[PDB]
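When we count neighbours, we look across all protein chains shown, and the Cβ atoms used for this are built from the backbone with ideal geometry, even at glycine. What is reported rests on the model, the rules as stated and the sources as named; nothing here is a laboratory result.
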There are 2 protein chains.
Amino acid sequence: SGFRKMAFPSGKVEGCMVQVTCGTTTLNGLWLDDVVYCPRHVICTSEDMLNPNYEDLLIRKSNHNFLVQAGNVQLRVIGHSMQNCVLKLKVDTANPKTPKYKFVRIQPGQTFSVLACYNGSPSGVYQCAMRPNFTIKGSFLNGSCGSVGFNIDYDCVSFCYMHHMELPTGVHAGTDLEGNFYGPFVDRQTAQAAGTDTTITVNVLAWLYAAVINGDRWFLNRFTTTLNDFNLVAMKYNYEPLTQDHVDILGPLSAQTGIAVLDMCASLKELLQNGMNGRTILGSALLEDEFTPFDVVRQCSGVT
Amino acid sequence: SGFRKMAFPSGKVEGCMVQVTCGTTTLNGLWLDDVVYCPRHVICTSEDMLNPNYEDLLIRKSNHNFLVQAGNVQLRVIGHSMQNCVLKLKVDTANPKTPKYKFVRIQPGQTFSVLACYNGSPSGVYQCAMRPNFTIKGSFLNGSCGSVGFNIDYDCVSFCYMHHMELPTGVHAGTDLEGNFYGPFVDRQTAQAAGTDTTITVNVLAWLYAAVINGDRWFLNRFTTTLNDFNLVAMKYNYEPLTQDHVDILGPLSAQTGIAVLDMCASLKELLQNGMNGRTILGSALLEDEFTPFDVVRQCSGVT
Ligand SMILES: Cc1ccncc1NC(=O)[C@@]1(C#N)CCOC1
Ligand SMILES: Cc1ccncc1NC(=O)[C@@]1(C#N)CCOC1
């Protein structure tokens, strides 16, 4: 009973957080095996951030300029390289706490947990989603750069995000663990605007199935729709167009509840056209889109 | 920038989760030093739960009947006792991962993180609040009993909750780590109804201060109020009455923003009387009450 915005247990990621200092800039690093991953802007001063030439700035840096501290002990840096927008610092010690891991580049609409860190120390964990405009609505202050996003499948941590930037609109931009930014953002102190933040339709439907499973059924109506009719409504409300791929992934939820995907689409259509009318669904007064169909299945079944 | 419902990093609690089996019932245990804490209803069959006499049921149980498994290794049980609604299983090995810890009985309105577990394995972490009717709106399925609630102050874990029950209304009831239930609930399969779920006023105000700090200011008005005038409105909307103690704890937020507590109360009063008018605050279309003033301060300052 009950449905919560749950994050993955963070322990496996906590054992990987280190502090990286270069000059007078300190941020977070991710220590996996004998490599520490961190945003390349760690080599920048506030002035450098205006228009940095990272290759040129890196020439003035040696292995001894990167100070890596795991807890209260100093790691010896024996190599450094730049891969896209991340720095890989080869250390002389493999992290004894390295979990089974993969680096994955996620698609917009996918969810993940963020372990927010400051000075290599964790402050908290929350569940996020890569928005369709490639930003994340996180909670990050100065010093939080290098904090990571991830998913867990039993014992394997799939790292998907590394925090780099706060846009002037308070939304967040970052990279995958290969250093490639999600979206068109660059690691520069220049005004970069985000595109339309559309609603992740398939996630809203998955959350409506979670609500039915947990007792909230008032929004179920006597109607059905078609993908094309539904998508005309989704276009009007800045919702992502629903495809047969999305319908397919909702299949297990449609099967468990006995509510056909297109019937749930008609409920969503009426909710979009009429609003909630002062009512709530799973304790929310708006349509939640940061639960994927896989998250709903996982939570509703007790996957550990 | 940004404000999220954050949970504490769960690592320190993950290293304490064990599986406890008695007969054919399996639930979660908390292993701290050489003691494993678990709900006493682990000794019950589904039939026993209807009207259990725990002292009588415990007589038919020996140390060897309690199977404690931490990961894939079996702990030897050398003692067992019942303290209120929890069983304390003395094991022959101190948990090497025992963090610095305290057992605290929280007050209604206080928030905490829950590490949801199944068969001694964690499934996720989420932030909760002890409701004013002493229930929690968690996310727990069968097998989740023994999962714990906690807060962290730097390196010390204050355990405050242990999950025991799901009421017929899908809300959750549990105990502190001394085995005393929050509220009037009993560990029996008998219909127990919850009292009025009032809104935690001081938490809503703290969240309104977080919203101002983060850019959402539309709800700020030209009015002020008094504690007595505000409380007449709070009574009507089933909000907890605000006291000078609550005003005092909001002080640092009033000081940082320059918005007097009673002015924020007048904004809250207008929001209660007029609604949001299709608008949102920190991405929510309702007034959030599961952030204490301490949580807002912590998140907005970067406490690790
Ligand atoms: C101040 C802050 C808070 C949260 N996330 C990110 C930031 N800051 C940034 O985006 C930086 C830029 N541009 C400033 C230093 O290099 C990265
Ligand atoms: C089914 C479930 C799911 C989540 N939390 C709790 C429960 N169940 C309960 O409350 C129990 C009772 N009464 C059933 C066995 O003893 C505790």
**Message:** So, in region A:272-304, exactly how many residues are touching a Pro at 6+ places or on another chain (Cβ under 8 Å) and farther than 20 Å from A:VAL247 by Cα?
**Reply:** 1
**Residue that is nearest to the chain's Cα centre (by Cα), among those in region B:39-57 that are surrounded by 15 or more Cβ atoms within 10 Å (Cβ to Cβ) and away from ligand 2 (no atom under 11 Å from the Cβ)** = B:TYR54
**Item:** Selection status of A:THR199, more than 14 Å from chain B (Cβ to nearest Cβ), away from ligand 1 (no atom under 16 Å from the Cβ) and of a type outside the set (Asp, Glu)
**Value:** no
**Complete:** The residue that is farthest from A:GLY11 (Cα to Cα), considering only those in region B:1-49 that are among the aromatic types (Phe, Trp, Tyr) and in the same structural domain as B:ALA129 (by CATH), is B:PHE3
**Request:** Of all residues in region A:237-251, count the ones that are crowded, with 17+ Cβ neighbours inside 10 Å and either aromatic (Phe, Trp, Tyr) or part of a helix (DSSP H, G or I) (or both).
**Result:** 5
**Request:** Please give the number of the condition A:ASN84 fails out of (1) over 22 Å from B:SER121 (Cα atoms); (2) within 14 Å of chain B (Cβ to nearest Cβ); (3) in contact with a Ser or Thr (Cβ under 8 Å, 6 or more places away or on another chain).
**Result:** (2)
**Prompt:** When you look at B:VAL86, is it in the same structural domain as B:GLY143 (by CATH), within 16 Å of ligand 2 (Cβ to nearest atom), of a type in the set (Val, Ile, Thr) and surrounded by 15 or more Cβ atoms within 10 Å (Cβ to Cβ), yes or no?
**Reply:** no
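Table: residues versus (1) without any contact (Cβ under 8 Å) to a residue 40 or more places away in the chain; (2) of a type in the set (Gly, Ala, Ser); (3) touching a strand residue (DSSP E or B) at 6+ places or on another chain (Cβ under 9 Å).
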{"residue": "A:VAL73", "(1), (2), (3)": "yes, no, no"}
{"residue": "A:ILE78", "(1), (2), (3)": "yes, no, yes"}
{"residue": "A:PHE112", "(1), (2), (3)": "no, no, yes"}
{"residue": "A:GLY138", "(1), (2), (3)": "yes, yes, yes"}
**Request:** Evaluate region B:172-193: report whether one residue or more is assigned to a strand (DSSP E or B) and away from ligand 2 (no atom under 14 Å from the Cβ).
**Result:** no
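Residue-by-condition table, conditions (1) more than 10 Å from every other protein chain (Cβ to nearest Cβ); (2) touching a residue at least 60 places away in the same chain (Cβ under 8 Å):
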| residue | (1), (2) |
| --- | --- |
| A:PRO252 | yes, no |
| A:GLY258 | yes, no |
| A:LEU272 | yes, no |
| A:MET276 | no, no |
| A:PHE291 | yes, yes |
| A:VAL296 | yes, yes |
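Per-residue answers, yes or no, for (1) in contact with a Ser or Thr (Cβ under 8 Å, 6 or more places away or on another chain); (2) aliphatic (A, V, I, L, M):
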residue	(1), (2)
B:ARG4	yes, no
B:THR26	no, no
B:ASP48	no, no
B:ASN63	no, no
B:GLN69	yes, no
B:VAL73	no, yes
B:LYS100	no, no
B:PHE103	yes, no
**Message:** Any residue at all in region B:127-140 that's more than 24 Å from B:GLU288 (Cβ to Cβ) and not aliphatic (A, V, I, L, M)?
**Reply:** no
**Request:** Could you tell me which residue of region B:1-38 is farthest from ligand 2 (Cβ to nearest atom), considering only residues that are free of Cβ contacts under 8 Å to residues at least 60 places away in the same chain and of a type outside the set (A, V, I, L, M)?
**Result:** B:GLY11
**Complete:** Reported set for region A:7-53 where residues are closer than 30 Å to A:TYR154 by Cβ and assigned to a loop (DSSP other than H, G, I, E, B) is A:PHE8, A:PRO9, A:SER10, A:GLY15, A:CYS16, A:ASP33, A:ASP34
**Asked** Only one residue in A:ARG217, A:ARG222 is surrounded by fewer than 15 Cβ atoms within 10 Å (Cβ to Cβ) and within 22 Å of B:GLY170 (Cβ to Cβ). Which one?
**Response** A:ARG217
**Asked** Has region B:97-112 got at least one residue that is closer than 28 Å to A:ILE213 by Cα and either polar (S, T, N, Q) or within 14 Å of another protein chain (Cβ to nearest Cβ) (or both)?
**Response** yes
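Go over the candidates A:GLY15, A:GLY11 one by one and state the one that is within 14 Å of chain B (Cβ to nearest Cβ) and either crowded, with 21+ Cβ neighbours inside 10 Å or within 16 Å of ligand 1 (Cβ to nearest atom) (or both).
Matching residue, one of A:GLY15, A:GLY11: A:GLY11.
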**Test: residue in region A:252-263 that is among the small types (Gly, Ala, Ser) and not in a loop (DSSP other than H, G, I, E, B)** = yes
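Does region A:285-298 contain at least one residue that is more than 23 Å from B:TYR126 (Cβ to Cβ) and of a type in the set (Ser, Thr, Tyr)?
Within region A:285-298, the subset more than 23 Å from B:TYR126 (Cβ to Cβ) is none.
No, region A:285-298 has no match at all.
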**Prompt:** Quick one: which of A:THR98, A:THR26, A:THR93 is within 30 Å of B:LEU115 (Cβ to Cβ), in contact with a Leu (Cβ under 9 Å, 6 or more places away or on another chain) and surrounded by fewer than 15 Cβ atoms within 10 Å (Cβ to Cβ)?
**Reply:** A:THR93
**Asked** Among the listed residues A:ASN151, A:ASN84, A:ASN95, which satisfies the condition of being closer than 30 Å to B:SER301 by Cβ and over 10 Å from the mean Cα position of the chain (by Cα)?
**Response** A:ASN95
**Message:** Can you go through B:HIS172, B:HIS163 and tell me which one is under 28 Å from B:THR280 (Cβ atoms), away from ligand 1 (no atom under 16 Å from the Cβ) and touching a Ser or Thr at 6+ places or on another chain (Cβ under 8 Å)?
**Reply:** B:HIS172
**Message:** I'd like the residue in region B:157-167 that is within 12 Å of ligand 2 (Cβ to nearest atom) and assigned to a strand (DSSP E or B) and, out of all such residues, is nearest to the other protein chains (Cβ to nearest Cβ).
**Reply:** B:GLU166
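To keep it simple, each residue is scored yes or no on (1) more than 11 Å from chain B (Cβ to nearest Cβ); (2) surrounded by fewer than 24 Cβ atoms within 10 Å (Cβ to Cβ).
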| residue | (1), (2) |
| --- | --- |
| A:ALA116 | no, no |
| A:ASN119 | no, yes |
| A:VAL125 | no, no |
| A:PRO132 | yes, yes |
| A:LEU141 | no, yes |
| A:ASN151 | yes, yes |
| A:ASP155 | no, yes |
